[PDB]
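> I would like the atomic coordinates for the input below:
(one chain, ligands or ions: 1)
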Amino acid sequence: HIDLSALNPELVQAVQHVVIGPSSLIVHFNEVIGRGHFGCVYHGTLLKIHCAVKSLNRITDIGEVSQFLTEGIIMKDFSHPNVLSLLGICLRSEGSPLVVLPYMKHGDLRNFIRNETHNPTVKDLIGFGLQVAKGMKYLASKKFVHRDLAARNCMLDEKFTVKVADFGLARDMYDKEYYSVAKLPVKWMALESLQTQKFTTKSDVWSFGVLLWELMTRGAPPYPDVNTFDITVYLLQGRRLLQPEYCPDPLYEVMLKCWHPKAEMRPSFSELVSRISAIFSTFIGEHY
Ligand SMILES: CN1CCN(c2cnc3cc(C(F)(F)F)cc(-c4cccc(O)c4)c3n2)CC1
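Residues are numbered from 1 along each chain as shown. Next up is the structure itself:
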């Protein structure tokens, strides 16, 4: 039970445009979409917009709630077609605060590409990669470092638009099996992050490379037989993930660039969009 009467009335005024009235949102607590460490996600309907609603169970304090509000306002103004949007936040006199997010029909991108009901083409796969690159170009422009880029942390909507997710108020550990313990996604991490536990846009690029390998393999696990404690040495020896069977040569060249051991020699996300755009354009799709 969070004491809403204690919130500063001026902060409450400043946050209003992120705020969703309890009266405008039905949460279907019956219908669980999924869960992370920080909370369960439920189907909801927003005044009718099908949405995903996440109950942030580790907000207890009034101080915490006030930070949450300010974070919501900040994150609400992020806006790009390949970055997950924050629809709003909802505070309740009982229960944890709620984060309202668009519903993503096709779930996470790793599960989609592993699903036997769908058969994306090589072009579709490259296209997913390009879309992540565009969304990351946007985040990097805002000086926002993801720190956990991976196919499992991108979502797919009904139009097969990819949205970079798992950041801001949606940040969580949703599948613990890919993190080693401070839980680290070691098989996605840049060589220097393994050594220092610091992350930058240049380390996001490295992870993006691994993501592109996940895409082109249709969701193979990276380095499954290299132990967590051996991966730094493996990478120091210059060894990398092998070219996927259906990955075009220039696209594997792009991946190797992303895994350069000198962070400063990796491409920018702008250069990735450029390079992947070109490679994408060499494939004929259904209508163009
Ligand atoms: C059967 N599938 C039907 C679509 N599914 C959807 C649809 N939209 C989601 C939106 C979000 C968002 F971040 F926006 F809150 C989050 C999830 C999601 C949340 C936790 C685990 C997970 O794996 C997925 C969504 N999961 C999954 C299950």
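> For this structure, what lies in contact range of the ligand?
Contact residues (Cβ under 6 Å from any ligand atom) of the chain with the ligand: 33-34, 41, 52, 54, 84, 101-104, 107-108, 155, 165, 170, 174. In short, each C-beta sits where N, CA and C put it, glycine included.
> Only whichever of those are buried, select them in PyMOL.
In PyMOL, this line selects whichever of these come out buried by 16 or more other Cβ atoms under 10 Å:
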select buried, resi 33+41+52+54+84+101+102+103+104+108+155+165+170+174
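> Check the secondary structure at residue 126 for me.
With DSSP: H, G, I helix; E, B strand; the rest coil as the basis, the three-state label of residue 126 is helix.
> I'd like the distance between it and residue 212.
Counting by Cβ to Cβ, to the nearest Å, the separation of residue 126 from residue 212 is 9 Å.
> again with residue 230
Relative to residue 212, residue 230 is positioned 23 Å away (Cβ to Cβ).
> more neighbours, these two?
Taking other Cβ atoms under 10 Å, residue 230 and residue 212 do not tie; residue 212 has more neighbours (28 against 11).
> Spit out the contact partners of that one.
If you count contacts by Cβ atoms under 8 Å, 6 or more residues apart in numbering, residue 212 has them with 129, 132, 251, 254-255, 258.
> Throw these into TSV and include secondary structure, neighbour count and distance to residue 235, thanks.
As requested, the contacts of residue 212 are exported to TSV (DSSP: H, G, I helix; E, B strand; the rest coil; neighbours: other Cβ atoms under 10 Å; distance: Cβ to Cβ, whole Å):
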residue	secondary structure	neighbour count	distance to residue 235
129	helix	28	22
132	helix	28	22
251	helix	23	21
254	helix	22	18
255	helix	21	14
258	helix	23	13
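> what about the nearest residue to residue 82 once chain neighbours are set aside, which helix or strand?
In this structure, residue 82 finds its nearest non-sequential neighbour in residue 135, 3.1 Å apart by Cβ to Cβ, 6 or more residues apart in numbering. Applying DSSP states H and E as the criterion places residue 135 in helix 122-141.
> in that helix, what counts as buried?
Buried residues in helix 122-141, counted by 16+ other Cβ under 10 Å: 123-140.
> helix or strand right after that helix?
Counting by DSSP H and E, the next helix or strand C-terminal to helix 122-141 is strand 154-156.
> from the chain, which residue is nearest to the ligand?
At 2.6 Å from the ligand, residue 34 is the closest residue in the chain, using Cβ to the nearest ligand atom.
> Now do the phi/psi pair for that residue.
phi -180, psi -170 (degrees, to the nearest 10).
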